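Have a look at the structure below before the remarks.
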Amino acid sequence: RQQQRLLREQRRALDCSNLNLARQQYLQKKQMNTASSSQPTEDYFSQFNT
Amino acid sequence: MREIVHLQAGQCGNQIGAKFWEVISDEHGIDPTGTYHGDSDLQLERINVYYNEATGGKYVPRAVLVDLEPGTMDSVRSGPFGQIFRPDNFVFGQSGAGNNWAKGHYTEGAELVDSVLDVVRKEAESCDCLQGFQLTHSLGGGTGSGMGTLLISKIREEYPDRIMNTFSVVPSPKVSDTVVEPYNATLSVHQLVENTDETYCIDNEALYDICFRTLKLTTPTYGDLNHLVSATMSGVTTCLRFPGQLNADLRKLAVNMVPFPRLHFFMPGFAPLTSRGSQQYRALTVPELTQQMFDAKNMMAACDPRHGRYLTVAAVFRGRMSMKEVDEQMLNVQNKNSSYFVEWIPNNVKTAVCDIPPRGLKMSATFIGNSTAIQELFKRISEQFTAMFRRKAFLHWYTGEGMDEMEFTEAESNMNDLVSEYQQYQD
Ligand SMILES: Nc1nc2c(ncn2[C@@H]2O[C@H](COP(=O)(O)OP(=O)(O)OP(=O)(O)O)[C@@H](O)[C@H]2O)c(=O)[nH]1
C-alpha cells in the first residue's frame, strides 16, 4: 500500500511539473507569434524623394 | 577568403554604381566622410568581401571607374560619396565619345585598355582570393559597350576561373533615342554571349510602368530607378555578406540556374512594393509576399513570361521566416500552374533564405528568373537590324573607322543561332 501511495505521489508531482511547464511554452509560442510580421518605416520613403 | 571587385562602365553605369554604392554604405552605416560608426557586428565582419580597410577606419570601395567625358566624373566625384571613391580609381580618356561603339572598341580603348588593366590587376593583387567580378553598364550604351566588350575579353584569359557577372540595361523597346543603337546592341551581344556567364536584363519602360503601378508618384528621378535596380542588386548580394542558412555563392546558384552553356541572360524579381495607403493596408505575410512575389505586374525586366514558359526560377528570401512557409508556398505555386513550367525539368524552383533583414523591413525577398520570354527582345532587334542593314544606313562612319559588313554577318547569325536555340529547347 505504501508503494501505491508513492506511485500516485510521483504521478501527482509529475502532473504538478508539467502543468507548470505547460504555461511557459504558451508564453513562448506567443513570443514566436509577434516576432515575424513586419512594417516599413519612413526610412524607406525618404530616399525615393532624392 | 573570397571577395569581389566591381567595375563601373558607361555613362549610365556611372549613375548605376554611384547609387549602387551609396546604398551599401548606408546599408553598412558608414558616413559620407568615411568614418564607419560601429553598430552591427555582422556587417562589421563581412564588409571585406567588397571593401578594403584603409587608415582611420575608412572602408575603400573596391570598384574602378572608367569613362571619357569628364563632366560625368566631376558630377559623381562631387556627389555625397564621391570622397569615398579613389582618384586612383578614376581612369578616363581625353576624347569625346560620339557614342560610337567602334571608337570605344577599337580606337579609344587601345590607349586606355593598358591603363585600366594595370589598375584592376593592382586591385586584383591588392586582394587575396576573388569569386570574380561584376559590371555596371548598358548593352545599348555607346561607350560602355565599347569598354565592356573589350575588357571582358581581356579579363577572360586573365582570370578564366572567376565569376564574370554582368549587369546591363536593355533600351526601351518603343524608342531607342540613339538610332545606331540597334547596331551597337547587336555588336555587343555577340561577344557577350561568347564571353559572359551571367547577365541581368533590365528595361526602363517597365520601371516607368512600375512607377505608374505602385510608386504612384507621377514624376520620379532616374536615380530612383537606379535605386530600384540597386535594391535588387543589393538583394542578390545580401546572400554573400550575410549569415543564415542560405547557400549564397554565385556558382552555387549559377549551376542551379543554367541548364545549357549559352544561357546567360536572366531576369530579376523583387519583393514588397507598396503604395501610400497600402503600407497600413497590408498584412505582411509570406503568402501575400509569395503572391506578390510571383506577379506579372511584379515583373520588371523585359516583358511578361505569360507569353512563354519558365525554365528555372530562384527566389532568395531575406528576413525572419522559416522553412515551412516557403516549403508550402512553393508547393502552392507548382499546383497552381504545373503546365506553365517545362516538362523538361521538374522541380525547377531554387530557394534561399537570408535571415538578416534590410534596414527598415524584415519580410523581404528577391527573384532571379530564366524563362522563355526573351524571344520578343532580340526578335524585335532582328527586324531593326535587318531593316537598317537592308539599306546600310549610317554605315560610312563604321567603314571610316574600319568596320566591315562581314563582322555584321556572323554577329546577327550568332544572334539568330541563339534564337533557334531558345525555342527548340522550349518547344
Ligand atoms: N546616365 C544615364 N543614362 C541613361 C539614362 N537613360 C537612358 N540612359 C542610357 O544608358 C546608356 C548607357 O550609358 P553609357 O554606356 O555610358 O553610354 P555611352 O557609351 O557613353 O554612349 P551614349 O549612348 O551616347 O551615352 C546611354 O547610352 C543612355 O542612352 C539616364 O537617365 N541616365
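Chain labels run A, B, ... following the order of the C-alpha cells; each chain numbers its residues from 1, and ligands are numbered from 1 in the order shown.
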Chain B contacts to chain A at 7 Å (only C-alpha atoms) as a compact mmCIF listing (two decimals) with N, CA and C atoms, in the first residue's frame:
```
# COMPACT_ATOMS: atom_id res chain seq x y z
N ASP B 224 16.05 57.26 -58.63
CA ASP B 224 15.10 56.35 -58.00
C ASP B 224 15.02 55.04 -58.77
N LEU B 284 1.56 41.86 -43.88
CA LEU B 284 2.78 41.35 -44.50
C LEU B 284 2.95 39.88 -44.12
N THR B 285 2.45 38.99 -44.98
CA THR B 285 2.53 37.55 -44.75
C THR B 285 3.15 36.88 -45.97
N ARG B 320 13.11 37.20 -41.40
CA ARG B 320 12.89 36.23 -40.32
C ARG B 320 11.68 35.35 -40.66
N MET B 321 11.93 34.35 -41.50
CA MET B 321 10.94 33.34 -41.83
C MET B 321 11.50 31.95 -41.54
N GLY B 360 14.97 48.43 -42.30
CA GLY B 360 13.65 49.05 -42.26
C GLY B 360 12.48 48.09 -42.39
N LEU B 361 12.67 46.98 -43.09
CA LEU B 361 11.65 45.94 -43.12
C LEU B 361 12.34 44.61 -42.87
N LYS B 362 11.56 43.62 -42.45
CA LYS B 362 12.13 42.29 -42.25
C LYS B 362 11.69 41.35 -43.36
N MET B 363 10.40 41.30 -43.65
CA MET B 363 9.87 40.40 -44.66
C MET B 363 10.25 40.92 -46.04
```
Can you check which residues of range 154-360 of chain B DSSP gives as strand (DSSP E) on the backbone and send them as a CSV table (one decimal) with C-alpha atoms, in the first residue's frame?
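That gives us selection14.csv:
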```csv
chain,number,residue,atom,x,y,z
B,163,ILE,CA,32.7,34.9,-61.6
B,164,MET,CA,32.2,37.2,-64.5
B,167,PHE,CA,24.7,43.9,-65.3
B,168,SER,CA,23.4,45.7,-68.4
B,169,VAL,CA,20.1,47.6,-69.2
B,170,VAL,CA,18.1,46.8,-72.3
B,199,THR,CA,23.7,38.7,-67.5
B,200,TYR,CA,20.9,40.7,-66.0
B,201,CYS,CA,18.3,42.2,-68.4
B,202,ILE,CA,16.7,45.5,-67.3
B,203,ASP,CA,14.3,47.8,-69.2
B,265,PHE,CA,20.5,36.1,-69.7
B,266,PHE,CA,18.5,36.3,-66.6
B,267,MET,CA,15.6,38.4,-65.3
B,268,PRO,CA,15.2,40.0,-61.8
B,269,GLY,CA,12.3,39.9,-59.4
B,270,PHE,CA,11.7,41.8,-56.2
B,310,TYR,CA,9.5,29.0,-67.1
B,311,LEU,CA,12.9,27.3,-67.4
B,312,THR,CA,14.4,27.9,-64.0
B,313,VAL,CA,13.1,30.1,-61.1
B,314,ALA,CA,15.0,31.1,-58.0
B,315,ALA,CA,13.7,33.3,-55.2
B,316,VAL,CA,16.0,34.4,-52.4
B,317,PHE,CA,14.2,35.3,-49.2
B,318,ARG,CA,15.5,38.0,-46.8
B,349,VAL,CA,12.4,26.1,-58.0
B,350,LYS,CA,15.5,27.0,-56.0
B,351,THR,CA,15.1,29.0,-52.8
B,352,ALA,CA,17.5,30.7,-50.4
B,353,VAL,CA,16.6,32.3,-47.0
B,354,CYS,CA,18.7,35.2,-45.7
```
List all protein, DNA and RNA residues that have any atom at most 6 Å from ligand 1, counting only C-alpha atoms and all ligand atoms, and write the list as an MDAnalysis selection string.
-> chainID B and resid 10:12 15 99 137:138 140:144 222
Taking N, CA, C and O atoms for each residue, export the selection above as a short mmCIF file (atom, residue, chain, number, x, y, z; two decimals), in the first residue's frame.
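As a result, out12.cif now contains:
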```cif
data_model
loop_
_atom_site.label_atom_id
_atom_site.label_comp_id
_atom_site.auth_asym_id
_atom_site.auth_seq_id
_atom_site.Cartn_x
_atom_site.Cartn_y
_atom_site.Cartn_z
N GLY B 10 30.32 52.87 -68.75
CA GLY B 10 29.24 53.54 -69.43
C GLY B 10 28.67 54.69 -68.62
O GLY B 10 28.77 54.73 -67.39
N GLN B 11 28.06 55.65 -69.32
CA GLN B 11 27.65 56.81 -68.54
C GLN B 11 26.43 56.52 -67.68
O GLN B 11 26.24 57.16 -66.64
N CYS B 12 25.60 55.54 -68.07
CA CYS B 12 24.55 55.08 -67.16
C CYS B 12 25.16 54.33 -65.98
O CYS B 12 24.81 54.58 -64.82
N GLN B 15 26.09 56.40 -63.35
CA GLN B 15 24.99 56.65 -62.42
C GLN B 15 24.61 55.37 -61.68
O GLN B 15 24.19 55.43 -60.51
N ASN B 99 29.30 58.68 -79.04
CA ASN B 99 28.62 57.41 -78.76
C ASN B 99 28.75 56.43 -79.91
O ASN B 99 27.76 55.88 -80.42
N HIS B 137 26.86 48.65 -66.56
CA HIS B 137 26.99 49.25 -67.88
C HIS B 137 25.67 49.06 -68.62
O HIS B 137 24.68 48.61 -68.03
N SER B 138 25.66 49.39 -69.90
CA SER B 138 24.50 49.16 -70.75
C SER B 138 24.93 48.50 -72.05
O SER B 138 25.99 48.81 -72.60
N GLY B 140 23.04 48.85 -74.81
CA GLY B 140 22.78 49.92 -75.73
C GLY B 140 23.59 51.17 -75.47
O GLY B 140 23.49 52.13 -76.24
N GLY B 141 24.41 51.17 -74.42
CA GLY B 141 25.26 52.30 -74.10
C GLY B 141 26.44 52.35 -75.06
O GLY B 141 27.19 51.38 -75.18
N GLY B 142 26.58 53.49 -75.73
CA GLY B 142 27.57 53.61 -76.78
C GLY B 142 28.99 53.40 -76.32
O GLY B 142 29.75 52.68 -76.98
N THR B 143 29.39 54.00 -75.19
CA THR B 143 30.79 53.88 -74.79
C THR B 143 30.99 52.70 -73.84
O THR B 143 32.00 52.01 -73.92
N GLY B 144 30.02 52.45 -72.96
CA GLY B 144 30.15 51.36 -72.01
C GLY B 144 30.30 50.01 -72.68
O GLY B 144 31.09 49.17 -72.25
N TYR B 222 15.49 59.47 -62.19
CA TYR B 222 16.19 58.32 -62.74
C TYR B 222 17.04 57.64 -61.67
O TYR B 222 17.23 56.42 -61.71
#
```
With a distance cut-off of 7 Å and only C-alpha atoms, select the neighbouring residues of range 185-190 of chain B, excluding the residue or stretch itself and same-chain residues fewer than 4 positions from it, and output the selection as number ranges by chain.
-> B: 139-140, 145, 149, 181, 194, 411-412, 414-415
Okay, now the selection with C-alpha atoms, as an mmCIF file, in the first residue's frame?
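Contents of the output file again_13.cif:
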```cif
data_model
loop_
_atom_site.group_PDB
_atom_site.id
_atom_site.type_symbol
_atom_site.label_atom_id
_atom_site.label_comp_id
_atom_site.auth_asym_id
_atom_site.auth_seq_id
_atom_site.Cartn_x
_atom_site.Cartn_y
_atom_site.Cartn_z
ATOM 1 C CA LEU B 139 24.302 46.991 -73.849
ATOM 2 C CA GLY B 140 22.777 49.923 -75.731
ATOM 3 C CA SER B 145 29.747 48.600 -74.570
ATOM 4 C CA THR B 149 33.255 44.094 -74.733
ATOM 5 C CA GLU B 181 21.835 51.772 -81.018
ATOM 6 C CA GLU B 194 30.787 34.492 -76.463
ATOM 7 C CA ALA B 411 27.044 38.784 -85.381
ATOM 8 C CA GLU B 412 23.409 38.550 -86.454
ATOM 9 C CA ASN B 414 25.257 34.110 -83.923
ATOM 10 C CA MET B 415 22.301 36.074 -82.557
#
```
Leaving out residue 98 in chain B and any residue of its chain fewer than 4 positions from it, which residues lie within 12 Å of it when counting only C-alpha atoms, given as a PyMOL selection string?
-> chain B and resi 68-69+102-104+107-108+141-143+146+178+180+397-398
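Picture a line from CA of residue 228 in chain B to CA of residue 242 in chain B; it runs 20.4 Å.
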Please return as a ChimeraX atom specification: the residues of chain A that backbone DSSP assigns to helix (DSSP H, G or I).
-> /A:2-33,42-44,46-49
For the selection just defined, write its residues with C-alpha atoms to a file, as a PDB file, in the first residue's frame.
```pdb
ATOM      1  CA  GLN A   2       2.893   2.358   0.727  1.00  0.00           C
ATOM      2  CA  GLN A   3       4.232   1.722  -2.776  1.00  0.00           C
ATOM      3  CA  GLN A   4       0.790   2.501  -4.204  1.00  0.00           C
ATOM      4  CA  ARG A   5       0.899   5.770  -2.268  1.00  0.00           C
ATOM      5  CA  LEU A   6       4.394   6.529  -3.575  1.00  0.00           C
ATOM      6  CA  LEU A   7       3.362   5.803  -7.169  1.00  0.00           C
ATOM      7  CA  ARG A   8       0.451   8.251  -7.121  1.00  0.00           C
ATOM      8  CA  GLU A   9       2.600  10.773  -5.251  1.00  0.00           C
ATOM      9  CA  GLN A  10       5.021  10.575  -8.173  1.00  0.00           C
ATOM     10  CA  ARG A  11       2.132  10.828 -10.636  1.00  0.00           C
ATOM     11  CA  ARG A  12       0.717  13.921  -8.933  1.00  0.00           C
ATOM     12  CA  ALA A  13       4.163  15.503  -8.580  1.00  0.00           C
ATOM     13  CA  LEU A  14       4.897  14.967 -12.274  1.00  0.00           C
ATOM     14  CA  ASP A  15       1.443  16.376 -13.030  1.00  0.00           C
ATOM     15  CA  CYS A  16       2.381  19.410 -10.937  1.00  0.00           C
ATOM     16  CA  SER A  17       5.529  19.943 -13.007  1.00  0.00           C
ATOM     17  CA  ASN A  18       4.001  19.546 -16.468  1.00  0.00           C
ATOM     18  CA  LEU A  19       1.172  21.980 -15.709  1.00  0.00           C
ATOM     19  CA  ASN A  20       3.870  24.360 -14.520  1.00  0.00           C
ATOM     20  CA  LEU A  21       5.743  23.524 -17.722  1.00  0.00           C
ATOM     21  CA  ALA A  22       2.669  23.812 -19.947  1.00  0.00           C
ATOM     22  CA  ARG A  23       2.312  27.502 -19.112  1.00  0.00           C
ATOM     23  CA  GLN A  24       5.694  28.691 -20.388  1.00  0.00           C
ATOM     24  CA  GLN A  25       5.634  27.362 -23.949  1.00  0.00           C
ATOM     25  CA  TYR A  26       2.227  29.002 -24.273  1.00  0.00           C
ATOM     26  CA  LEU A  27       4.062  32.211 -23.409  1.00  0.00           C
ATOM     27  CA  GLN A  28       6.938  31.135 -25.666  1.00  0.00           C
ATOM     28  CA  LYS A  29       4.715  30.451 -28.682  1.00  0.00           C
ATOM     29  CA  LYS A  30       3.194  33.912 -28.243  1.00  0.00           C
ATOM     30  CA  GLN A  31       6.741  35.296 -28.264  1.00  0.00           C
ATOM     31  CA  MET A  32       7.167  33.421 -31.546  1.00  0.00           C
ATOM     32  CA  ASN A  33       3.890  34.824 -32.884  1.00  0.00           C
ATOM     33  CA  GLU A  42       9.790  56.332 -43.208  1.00  0.00           C
ATOM     34  CA  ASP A  43      13.425  55.373 -43.868  1.00  0.00           C
ATOM     35  CA  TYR A  44      12.069  53.622 -46.978  1.00  0.00           C
ATOM     36  CA  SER A  46      12.834  59.487 -47.828  1.00  0.00           C
ATOM     37  CA  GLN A  47      15.431  58.048 -50.223  1.00  0.00           C
ATOM     38  CA  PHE A  48      12.963  57.998 -53.132  1.00  0.00           C
ATOM     39  CA  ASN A  49      12.370  61.731 -52.658  1.00  0.00           C
TER      40      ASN A  49
END
```
Could you give me, as a PDB file with C-alpha atoms, in the first residue's frame, the residues within 10 Å of residue 347 in chain B, counting only C-alpha atoms and dropping anything in the same chain fewer than 5 positions from it?
```pdb
ATOM      1  CA  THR B 312      14.449  27.925 -63.990  1.00  0.00           C
ATOM      2  CA  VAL B 313      13.145  30.058 -61.118  1.00  0.00           C
ATOM      3  CA  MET B 330       6.420  26.577 -53.456  1.00  0.00           C
ATOM      4  CA  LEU B 331       4.110  23.560 -53.222  1.00  0.00           C
ATOM      5  CA  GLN B 334       3.512  24.330 -58.675  1.00  0.00           C
ATOM      6  CA  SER B 338       2.134  22.965 -63.333  1.00  0.00           C
ATOM      7  CA  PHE B 341       6.737  25.118 -66.329  1.00  0.00           C
ATOM      8  CA  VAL B 342       8.567  22.980 -68.849  1.00  0.00           C
TER       9      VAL B 342
END
```
Tell me, in Å to one decimal, how far CA of residue 273 in chain B is from CA of residue 215 in chain B.
-> 7.9 Å
